[PDB]
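These notes are about the structure you will find just below.
Bear in mind these aren't lab numbers, they're just calculated from the coordinates by the rules spelled out. Note that we place each Cβ from the backbone using ideal geometry, even for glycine, and neighbour counts take in every protein chain shown.
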């Protein structure tokens, strides 16, 4: 079972970029975490839980830059069916 307590582990190295300017780029070690999320969960809907965890820890980041969250995946080379933002309803995302 995947617990949010472990999801933040990958967000750690991703926080640096979350506080950096739009001119900053994502860390190699951070992007990897995103891909790991695939094998993180066990079920279909269980995978979504990950995106839900980043929602809570998101409101606990100093100088959090929601704008950078959009380029997080892009520069990482990863593409999702939804947008990673506090305004985005990850709950309304498909499988």
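Details
- As a rough footprinting exposure proxy, the listed residues 46, 10 were ranked by other beta carbons within 10 Å of their own, and the order from fewest upward is 46, 10.
- Using a Gaussian network model of the chain in which every pair of alpha carbons under 10 angstrom is joined by a spring, one finds that among 56, 79, 25 the greatest mean-square fluctuation is at 79.
- Within the chain, helix-based [θ] at 222 nm, where runs of 4 or more DSSP H residues each add -39,500 (n - 2.57), nearest 500: -18000 deg cm²/dmol
- Scaling the Cα radius of gyration of the chain by the globular reference 2.2 N^0.38 Å produces a ratio of 1.00.
- C-alpha center-to-center spacing [the range 1-31, the range 36-95] in angstrom: 11
- Label zone of residue 4 (point 7 Å out along Cα→Cβ, amide N under 17 Å): in the range 29-63 this covers 41, 46-62.
- The slack between residue 25 and residue 83, meaning 0.36 nm per residue of separation minus the straight C-alpha distance, is 19.1 nm.
- Springs between Cα atoms under 10 Å define the GNM used for the chain, and in it the highest mean-square fluctuation of 15, 34, 78 occurs at 78.
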